[PDB]
Amino acid sequence: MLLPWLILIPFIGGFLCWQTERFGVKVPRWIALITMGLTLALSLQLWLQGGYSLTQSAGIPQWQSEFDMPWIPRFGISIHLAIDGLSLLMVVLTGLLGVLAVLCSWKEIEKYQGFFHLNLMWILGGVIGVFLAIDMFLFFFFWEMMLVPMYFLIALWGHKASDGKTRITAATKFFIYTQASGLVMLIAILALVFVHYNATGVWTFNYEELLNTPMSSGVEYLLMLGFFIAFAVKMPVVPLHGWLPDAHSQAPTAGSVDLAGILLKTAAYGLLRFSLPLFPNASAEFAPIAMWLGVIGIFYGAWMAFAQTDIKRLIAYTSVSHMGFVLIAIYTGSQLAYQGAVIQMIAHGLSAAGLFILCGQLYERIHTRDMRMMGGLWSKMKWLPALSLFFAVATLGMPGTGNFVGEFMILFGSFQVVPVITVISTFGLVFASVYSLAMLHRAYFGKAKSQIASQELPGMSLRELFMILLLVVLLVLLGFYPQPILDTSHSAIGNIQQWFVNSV
Amino acid sequence: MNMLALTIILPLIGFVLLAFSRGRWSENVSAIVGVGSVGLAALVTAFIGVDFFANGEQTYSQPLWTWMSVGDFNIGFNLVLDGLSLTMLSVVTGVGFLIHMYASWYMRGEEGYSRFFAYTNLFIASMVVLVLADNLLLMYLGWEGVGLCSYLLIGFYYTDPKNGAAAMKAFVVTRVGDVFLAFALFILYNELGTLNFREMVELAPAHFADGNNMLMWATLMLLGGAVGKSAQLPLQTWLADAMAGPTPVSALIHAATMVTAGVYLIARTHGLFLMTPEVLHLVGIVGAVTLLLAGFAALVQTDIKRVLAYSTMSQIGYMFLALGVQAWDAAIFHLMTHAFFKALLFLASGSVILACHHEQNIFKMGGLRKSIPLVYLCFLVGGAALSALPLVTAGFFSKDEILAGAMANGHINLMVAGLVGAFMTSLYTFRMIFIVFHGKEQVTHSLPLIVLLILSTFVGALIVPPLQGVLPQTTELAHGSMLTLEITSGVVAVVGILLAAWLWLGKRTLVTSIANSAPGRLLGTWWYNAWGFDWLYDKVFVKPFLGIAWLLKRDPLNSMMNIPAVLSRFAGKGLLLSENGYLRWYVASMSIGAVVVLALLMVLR
Ligand SMILES: CCCCCCCCCCCCCCCCCC(=O)OC[C@H](COP(=O)(O)OCCN)OC(=O)CCCCCCCCCCCCCCCCC
Ligand SMILES: CCCCCCCCCCCCCCCCCC(=O)OC[C@H](COP(=O)(O)OCCN)OC(=O)CCCCCCCCCCCCCCCCC
Ligand SMILES: CCCCCCCCCCCCCCCCCC(=O)OC[C@H](COP(=O)(O)OCCN)OC(=O)CCCCCCCCCCCCCCCCC
Ligand SMILES: CCCCCCCCCCCCCCCCCC(=O)OC[C@H](COP(=O)(O)OCCN)OC(=O)CCCCCCCCCCCCCCCCC
Ligand SMILES: CCCCCCCCCCCCCCCCCCCC
């Protein structure tokens, strides 16, 4: 019942913040903050009323809440929403990241902030709809709908120091990658629906009915290949990854766009929710390729992040490595590794959000982003280098923060399944520590390598310090007490794992 | 005994307060907060030891919460306390309290006072978490905290890039060892289904009754983690460069916290290593080789701090030899005694470098006993304990127990290597002392110096570790046999100091004859660069990493996926050649398409 409101409250709030700009140019940010607060409060009330800690695994389908309304009855297409533990955790993470994205764009008092906040609201609503839709056509519809505002935000409100043509090229590469991969996803959805129609004879686009489909091997492999290609573009998985640093480098300088739809891992949710239960045998056959692609992604992202002279590209390649870890976790088939993947997803979202917000504040302070034109910023800034050290320590997998917890249950489950992938990924963790220390020592340590870093810089405001300390507190609590997060997502992970292992 | 968590809470509170102070507080208030946090940890530890001995030395467990719970994967925040944990908890807390007093005197007027004290408080908290942990994952949390605090404190002078490079290399080497430790964790949980040490000892011989290869792998990876943290083969190269940090950082690393973690990991999981005799033999061999190579390196070093670094390496090799010969009590006794005298030596060296200008070579210094005699006698007793001078130093009794356990179990070669190491240890220690302090001239801190002066003598040897019921007892020797081994060790130490005095006290003519000789130059340059281990690790690991990064910095996979974009542009520009704007060509193309369509229809009819 609350899920349609969970989707359309961002849309209505985007409409109101677009229409309220005539009442004042400082108004739409308040409207966006209020709307995201209502969305997060609705998600938290759903968390309280769901009873996810006491829910046991009963098999797919098992939704703690549901909603259905026919949309295109010719094809058996309905707006069908459902929430369980993992989807609600991702929706809560989306709400929190949207709140931080709205607060991070507080100082933009430009003449078209209403369109900016409407696009932000539409991105967050599309992400929530992706996390909520259990109708495949609706899931694809949200999947492509959350990217047009991303394209317009990158191409129009992007990096103002860079020329427009670079922003056009970056946004167009991102949109071409995502839309072509999703078109392959839609072809897979249509072919699965037609296989179901030939087998039974009833038109449907529901994930519940498409689970129990009779089919041979090779068609299922191709269908899983289409789904995996779409998710692997969105994850990212190498070599389908360059859109991530291209879009991160030419993003808006606040960094709210990275939080709005880029740092929310819809691809791993799609792999857990759609790739494994609908095509279990094909995923089991694809597991070696998936784990080795994750290994190559981890080490490639490490070698790229060390080689980058840019902070945003560095964090993008850290994201590439951490989603390589998650892709390794997803195909193992272990409940421990799946829970670690969920924890790693949430903690990586928080840590990369902190890193992106800190990089945006640093660029606002020093008006440059090349690391060869700074150094020794510890003595010239009050709060930013210490929090940057904490978040870089978080990203390398340090205990006391949830990233270590997540990737260590990932490696525990993986070693219970496959040892060689685990040991190579653990040397990838060595590489992760290497690139985090390299970023820290190029940016905030040493001597000043230019004129801008040799002078004092203004400190943070109460809002920026509040949001960074909130992310720090959440990451520390996740590192030391991850049990509510594990107990929330235990039922859906158990359903997915039992479906994956009871059919292969 | 219920205040076992206060030893973590108080340093954590001090670290948080001093980090969020950001240097706004005065130096006296920051010193009060940091030193009071570590001193309240020491006082709570003293009360814990009093209550531990009052109840008859019973193992205590204090759970707080369950960390992770997924199926059979159950990890909890449970602290444990037995004799070994209490022993090095007392060592860490007392030595860190003395070091914090010395550093509160030492770092007056320095930039980063509160940051330094916050980092040292987090170091103390991480090591207390390490030594109090009941399972391998909480110990791993303390392990990584120790590594991170060491990295932050080594590169404390962040303005100098050399300090940052040294801290980065130390963190990378420790993280490689930490990865080996995580390998051991993964193997142990995959085989036994638990991470509590007592549960491993309970369920290991039943599970490993048929096959023992996985337990061998787990113990080998534990050994790899231990040699990573304790700076042994093959992960020892970080310490000499890590010397670049401040003096109390060096004292905390080499005496209290960092180098003792590997010994804790070997001694705490002594049952699993007892189930793998070959790995324990490898521990002993690794310790012997490290102590020999460390002595040969420290013989030719040209700085006080590097000599002390390789001396720490040699004594950790002694402890690893003691663990390898199943002399656990000797290892922990040497752990505490070496903590005392190495802390004393490092604080005395920091006092020396404060009193004598900036950093200088040892050959620059000469005849320093007259100007600074208090720290000269501090160096004297610290070197006597380092060189195991008989009947006056606790180091003699510790090394005596180590060698007695070595020869009591048939390890003759390890005993010979230990004797040669003691000879070389006396040689390099009194070489440094006679070079620095003999020749021609060219209340906050006195109390820790006094305490480490007293504890470096036999007063430190009077403290008996409470290790009954935790570690197995070393096999006893015949009284005449250990008397002969004691007099042999004393003769070796006395001939070492006599040879050092004959070589370096006066006009060094025999020393400069060996040093300026071409084989002497070759051996000195070999040993001065840590036997070429840093060179090998740069040429085998660092250089191909930099080469791969430089080769990949243009993102080749992005170009491989940008191939169809340039193919599309080329194909479009080629197809635009047909639109030349000529009507006759348009009619010709229509007729060409007519022939193509017609012929295709007839060939496929
Ligand atoms: C894993 C592989 C198998 C699955 C693949 C699934 C498809 C999705 C993932 C791959 C997407 C690859 C997209 C590559 C192009 C990205 C867009 C781009 O780079 O646009 C910018 C570029 C112009 O940039 P510039 O260099 O400035 O050129 C000067 C122009 N005056 O613009 C251009 O040069 C023109 C762009 C034309 C439109 C884009 C190209 C589309 C080509 C077909 C893509 C479908 C897959 C083909 C096979 C892939 C490999 C097997
Ligand atoms: C302008 C020029 C440039 C731009 C354009 C470039 C080209 C774009 C198009 C590229 C893709 C071409 C088509 C790929 C699919 C081929 C499908 C195929 O050959 O299927 C044959 C067969 C069908 O299965 P069948 O045997 O009929 O099943 C019934 C038996 N029970 O299938 C089988 O038996 C199983 C076959 C499984 C594998 C088929 C797909 C291979 C894909 C290779 C690349 C991806 C590798 C995996 C993912 C890596 C990471 C992304
Ligand atoms: C460039 C981007 C787009 C990629 C290229 C375009 C799509 C290429 C798809 C290639 C498909 C090759 C199929 C070859 C066999 C065809 C004949 C056949 O044997 O059909 C079997 C079956 C129909 O017979 P039926 O009685 O229904 O038997 C049920 C079988 N279980 O057939 C069926 O039931 C339906 C078969 C459907 C097969 C899957 C089609 C979509 C797969 C996802 C997209 C392509 C793969 C991923 C991308 C590759 C790289 C780009
Ligand atoms: C017998 C062997 C037993 C095992 C031995 C394991 C040895 C592990 C590696 C030890 C050496 C680590 C050296 C780290 C140095 C860090 C400080 C440094 O030199 O920094 C320089 C550079 C800084 O980067 P930047 O600021 O961008 O550049 C400025 C210009 N210099 O930063 C860099 O250049 C960073 C270079 C990082 C290199 C990391 C290499 C890791 C290798 C791990 C191998 C693990 C093998 C395990 C066993 C396998 C057995 C089959
Ligand atoms: C989806 C975002 C998740 C962020 C991390 C949250 C981690 C869980 C924190 C829960 C609170 C822990 C501290 C208070 C515990 C109180 C326990 C009371 C009952 C014993």
# chains A, B, ... in the order shown; residues from 1 in each chain; ligands from 1
$ residues_near_ligand --ligand "ligand 3" --cutoff "6 Å" --atoms "only C-alpha atoms and all ligand atoms" --output "PyMOL selection string"
chain A and resi 184+187-188+191+195+215-216+219+222-223+225-226
$ interface_residues --of "chain A" --to "chain B" --cutoff "6 Å" --atoms "only C-alpha atoms" --output "compact mmCIF listing (two decimals) with N, CA and C atoms, in the first residue's frame"
# COMPACT_ATOMS: atom_id res chain seq x y z
N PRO A 239 34.96 -5.28 -19.39
CA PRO A 239 35.47 -3.97 -19.81
C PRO A 239 34.39 -2.90 -19.97
N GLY A 242 34.12 2.17 -18.43
CA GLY A 242 34.68 3.50 -18.63
C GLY A 242 33.66 4.62 -18.49
N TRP A 303 44.63 -1.08 -10.33
CA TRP A 303 45.72 -0.52 -11.13
C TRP A 303 45.32 0.81 -11.77
N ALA A 307 46.87 4.59 -10.78
CA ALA A 307 47.42 5.36 -11.89
C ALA A 307 46.70 6.68 -12.13
N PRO A 399 38.72 -2.88 9.73
CA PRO A 399 37.74 -3.17 10.78
C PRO A 399 37.43 -1.96 11.64
N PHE A 412 34.78 -15.16 3.22
CA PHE A 412 34.51 -16.38 3.97
C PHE A 412 33.62 -17.33 3.18
N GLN A 416 34.57 -20.85 1.30
CA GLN A 416 33.74 -22.04 1.44
C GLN A 416 33.30 -22.60 0.10
N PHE A 445 49.10 14.83 2.19
CA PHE A 445 50.39 14.72 2.85
C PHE A 445 51.50 15.24 1.94
N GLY A 446 52.66 15.49 2.54
CA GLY A 446 53.79 16.01 1.81
C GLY A 446 53.87 17.52 1.87
N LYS A 447 54.55 18.08 0.87
CA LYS A 447 54.66 19.52 0.71
C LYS A 447 53.68 20.01 -0.35
$ residues_around --residues "residue 259 in chain A" --least-positions-apart "5" --cutoff "8 Å" --atoms "only C-alpha atoms" --output "list in words"
residues 97, 98, 100, 101, 264 and 353 of chain A
$ residues_near_ligand --ligand "ligand 2" --cutoff "12 Å" --atoms "only C-alpha atoms and all ligand atoms" --output "PyMOL selection string"
(chain A and resi 180-181+184+188+214-241+282-283+285-294+296-297+327) or (chain B and resi 560-572)
$ residues_near_ligand --ligand "ligand 5" --cutoff "10 Å" --atoms "only C-alpha atoms and all ligand atoms" --output "ChimeraX atom specification"
/A:44,86,88-97,343,345-347,349-350,401-402,470-486,488 /B:65
$ residues_around --residues "residue 160 in chain A" --least-positions-apart "4" --cutoff "10 Å" --atoms "only C-alpha atoms" --output "list in words"
residues 156, 164, 167, 250, 251, 252 and 253 of chain A
$ residues_around --residues "residue 366 in chain B" --least-positions-apart "5" --cutoff "8 Å" --atoms "only C-alpha atoms" --output "VMD selection string"
chain B and resid 435 to 442
$ write_last_selection --atoms "C-alpha atoms" --output "tab-separated table (two decimals), in the first residue's frame"
chain	number	residue	atom	x	y	z
B	435	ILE	CA	81.43	4.65	19.22
B	436	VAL	CA	78.79	7.09	20.48
B	437	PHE	CA	79.80	7.60	24.11
B	438	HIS	CA	83.59	7.08	24.09
B	439	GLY	CA	86.19	9.24	22.36
B	440	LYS	CA	86.52	13.00	21.94
B	441	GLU	CA	83.72	15.55	22.13
B	442	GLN	CA	82.74	17.11	18.80
$ decode --residues "range 354-383 of chain B" --atoms "N, CA, C and O atoms" --output "PDB file, in the first residue's frame"
ATOM      1  N   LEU B 354      67.682  14.551  21.311  1.00  0.00           N
ATOM      2  CA  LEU B 354      67.250  15.879  21.734  1.00  0.00           C
ATOM      3  C   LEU B 354      68.421  16.692  22.272  1.00  0.00           C
ATOM      4  O   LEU B 354      68.508  17.902  22.029  1.00  0.00           O
ATOM      5  N   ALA B 355      69.331  16.045  23.004  1.00  0.00           N
ATOM      6  CA  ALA B 355      70.434  16.770  23.626  1.00  0.00           C
ATOM      7  C   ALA B 355      71.513  17.150  22.620  1.00  0.00           C
ATOM      8  O   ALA B 355      72.173  18.182  22.787  1.00  0.00           O
ATOM      9  N   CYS B 356      71.714  16.342  21.582  1.00  0.00           N
ATOM     10  CA  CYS B 356      72.796  16.558  20.624  1.00  0.00           C
ATOM     11  C   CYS B 356      72.199  16.926  19.268  1.00  0.00           C
ATOM     12  O   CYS B 356      72.047  16.080  18.385  1.00  0.00           O
ATOM     13  N   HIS B 357      71.888  18.218  19.109  1.00  0.00           N
ATOM     14  CA  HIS B 357      71.497  18.855  17.851  1.00  0.00           C
ATOM     15  C   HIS B 357      70.373  18.137  17.109  1.00  0.00           C
ATOM     16  O   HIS B 357      69.378  17.725  17.714  1.00  0.00           O
ATOM     17  N   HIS B 358      70.530  17.994  15.797  1.00  0.00           N
ATOM     18  CA  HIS B 358      69.622  17.246  14.946  1.00  0.00           C
ATOM     19  C   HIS B 358      70.166  15.831  14.750  1.00  0.00           C
ATOM     20  O   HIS B 358      71.090  15.398  15.446  1.00  0.00           O
ATOM     21  N   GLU B 359      69.576  15.094  13.810  1.00  0.00           N
ATOM     22  CA  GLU B 359      70.010  13.729  13.534  1.00  0.00           C
ATOM     23  C   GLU B 359      71.424  13.716  12.965  1.00  0.00           C
ATOM     24  O   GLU B 359      71.760  14.514  12.086  1.00  0.00           O
ATOM     25  N   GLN B 360      72.256  12.809  13.479  1.00  0.00           N
ATOM     26  CA  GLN B 360      73.658  12.729  13.094  1.00  0.00           C
ATOM     27  C   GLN B 360      74.093  11.272  13.015  1.00  0.00           C
ATOM     28  O   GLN B 360      73.433  10.372  13.540  1.00  0.00           O
ATOM     29  N   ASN B 361      75.220  11.055  12.342  1.00  0.00           N
ATOM     30  CA  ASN B 361      75.848   9.745  12.286  1.00  0.00           C
ATOM     31  C   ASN B 361      76.485   9.409  13.634  1.00  0.00           C
ATOM     32  O   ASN B 361      76.786  10.289  14.446  1.00  0.00           O
ATOM     33  N   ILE B 362      76.677   8.108  13.873  1.00  0.00           N
ATOM     34  CA  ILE B 362      77.297   7.671  15.121  1.00  0.00           C
ATOM     35  C   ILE B 362      78.770   8.056  15.161  1.00  0.00           C
ATOM     36  O   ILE B 362      79.323   8.304  16.238  1.00  0.00           O
ATOM     37  N   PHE B 363      79.430   8.112  14.001  1.00  0.00           N
ATOM     38  CA  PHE B 363      80.833   8.503  13.962  1.00  0.00           C
ATOM     39  C   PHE B 363      81.026   9.989  14.226  1.00  0.00           C
ATOM     40  O   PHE B 363      82.135  10.403  14.580  1.00  0.00           O
ATOM     41  N   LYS B 364      79.979  10.799  14.048  1.00  0.00           N
ATOM     42  CA  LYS B 364      80.045  12.196  14.459  1.00  0.00           C
ATOM     43  C   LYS B 364      80.116  12.295  15.978  1.00  0.00           C
ATOM     44  O   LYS B 364      80.892  13.090  16.520  1.00  0.00           O
ATOM     45  N   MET B 365      79.317  11.497  16.679  1.00  0.00           N
ATOM     46  CA  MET B 365      79.286  11.538  18.131  1.00  0.00           C
ATOM     47  C   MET B 365      80.494  10.821  18.720  1.00  0.00           C
ATOM     48  O   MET B 365      80.991   9.835  18.169  1.00  0.00           O
ATOM     49  N   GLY B 366      80.966  11.332  19.854  1.00  0.00           N
ATOM     50  CA  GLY B 366      82.095  10.742  20.545  1.00  0.00           C
ATOM     51  C   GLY B 366      82.319  11.359  21.909  1.00  0.00           C
ATOM     52  O   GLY B 366      82.279  12.584  22.049  1.00  0.00           O
ATOM     53  N   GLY B 367      82.554  10.525  22.917  1.00  0.00           N
ATOM     54  CA  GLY B 367      82.774  11.013  24.269  1.00  0.00           C
ATOM     55  C   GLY B 367      81.576  11.708  24.881  1.00  0.00           C
ATOM     56  O   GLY B 367      81.733  12.751  25.528  1.00  0.00           O
ATOM     57  N   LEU B 368      80.383  11.154  24.694  1.00  0.00           N
ATOM     58  CA  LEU B 368      79.148  11.786  25.136  1.00  0.00           C
ATOM     59  C   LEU B 368      78.792  11.438  26.579  1.00  0.00           C
ATOM     60  O   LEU B 368      77.767  11.908  27.084  1.00  0.00           O
ATOM     61  N   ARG B 369      79.620  10.638  27.258  1.00  0.00           N
ATOM     62  CA  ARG B 369      79.321  10.256  28.634  1.00  0.00           C
ATOM     63  C   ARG B 369      79.449  11.432  29.595  1.00  0.00           C
ATOM     64  O   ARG B 369      78.741  11.480  30.607  1.00  0.00           O
ATOM     65  N   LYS B 370      80.340  12.381  29.302  1.00  0.00           N
ATOM     66  CA  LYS B 370      80.578  13.482  30.230  1.00  0.00           C
ATOM     67  C   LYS B 370      79.435  14.491  30.212  1.00  0.00           C
ATOM     68  O   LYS B 370      79.014  14.976  31.269  1.00  0.00           O
ATOM     69  N   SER B 371      78.923  14.823  29.025  1.00  0.00           N
ATOM     70  CA  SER B 371      77.875  15.834  28.932  1.00  0.00           C
ATOM     71  C   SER B 371      76.541  15.306  29.444  1.00  0.00           C
ATOM     72  O   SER B 371      75.843  15.995  30.198  1.00  0.00           O
ATOM     73  N   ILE B 372      76.170  14.092  29.048  1.00  0.00           N
ATOM     74  CA  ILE B 372      74.892  13.481  29.416  1.00  0.00           C
ATOM     75  C   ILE B 372      75.122  12.108  30.059  1.00  0.00           C
ATOM     76  O   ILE B 372      75.048  11.057  29.406  1.00  0.00           O
ATOM     77  N   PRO B 373      75.406  12.072  31.365  1.00  0.00           N
ATOM     78  CA  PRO B 373      75.771  10.800  32.005  1.00  0.00           C
ATOM     79  C   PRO B 373      74.584   9.950  32.439  1.00  0.00           C
ATOM     80  O   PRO B 373      74.711   8.725  32.537  1.00  0.00           O
ATOM     81  N   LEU B 374      73.437  10.579  32.713  1.00  0.00           N
ATOM     82  CA  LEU B 374      72.255   9.829  33.131  1.00  0.00           C
ATOM     83  C   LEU B 374      71.748   8.942  31.999  1.00  0.00           C
ATOM     84  O   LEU B 374      71.519   7.739  32.184  1.00  0.00           O
ATOM     85  N   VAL B 375      71.599   9.510  30.803  1.00  0.00           N
ATOM     86  CA  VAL B 375      71.184   8.692  29.677  1.00  0.00           C
ATOM     87  C   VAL B 375      72.327   7.806  29.199  1.00  0.00           C
ATOM     88  O   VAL B 375      72.081   6.785  28.549  1.00  0.00           O
ATOM     89  N   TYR B 376      73.573   8.139  29.554  1.00  0.00           N
ATOM     90  CA  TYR B 376      74.682   7.231  29.281  1.00  0.00           C
ATOM     91  C   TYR B 376      74.576   5.958  30.110  1.00  0.00           C
ATOM     92  O   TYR B 376      74.753   4.856  29.582  1.00  0.00           O
ATOM     93  N   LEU B 377      74.282   6.079  31.408  1.00  0.00           N
ATOM     94  CA  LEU B 377      74.106   4.869  32.206  1.00  0.00           C
ATOM     95  C   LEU B 377      72.806   4.157  31.854  1.00  0.00           C
ATOM     96  O   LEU B 377      72.718   2.931  32.002  1.00  0.00           O
ATOM     97  N   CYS B 378      71.805   4.899  31.363  1.00  0.00           N
ATOM     98  CA  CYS B 378      70.609   4.264  30.809  1.00  0.00           C
ATOM     99  C   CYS B 378      70.956   3.386  29.609  1.00  0.00           C
ATOM    100  O   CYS B 378      70.525   2.227  29.528  1.00  0.00           O
ATOM    101  N   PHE B 379      71.746   3.923  28.671  1.00  0.00           N
ATOM    102  CA  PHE B 379      72.271   3.121  27.568  1.00  0.00           C
ATOM    103  C   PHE B 379      73.110   1.954  28.064  1.00  0.00           C
ATOM    104  O   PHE B 379      73.080   0.872  27.473  1.00  0.00           O
ATOM    105  N   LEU B 380      73.869   2.160  29.140  1.00  0.00           N
ATOM    106  CA  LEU B 380      74.747   1.113  29.655  1.00  0.00           C
ATOM    107  C   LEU B 380      73.948  -0.087  30.150  1.00  0.00           C
ATOM    108  O   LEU B 380      74.215  -1.228  29.753  1.00  0.00           O
ATOM    109  N   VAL B 381      72.941   0.153  30.993  1.00  0.00           N
ATOM    110  CA  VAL B 381      72.137  -0.963  31.491  1.00  0.00           C
ATOM    111  C   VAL B 381      71.246  -1.543  30.392  1.00  0.00           C
ATOM    112  O   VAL B 381      71.053  -2.766  30.347  1.00  0.00           O
ATOM    113  N   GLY B 382      70.735  -0.713  29.475  1.00  0.00           N
ATOM    114  CA  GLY B 382      69.935  -1.239  28.382  1.00  0.00           C
ATOM    115  C   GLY B 382      70.736  -2.106  27.432  1.00  0.00           C
ATOM    116  O   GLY B 382      70.233  -3.108  26.919  1.00  0.00           O
ATOM    117  N   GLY B 383      71.996  -1.743  27.190  1.00  0.00           N
ATOM    118  CA  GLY B 383      72.857  -2.578  26.377  1.00  0.00           C
ATOM    119  C   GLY B 383      73.337  -3.816  27.099  1.00  0.00           C
ATOM    120  O   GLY B 383      73.565  -4.851  26.468  1.00  0.00           O
TER     121      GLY B 383
END
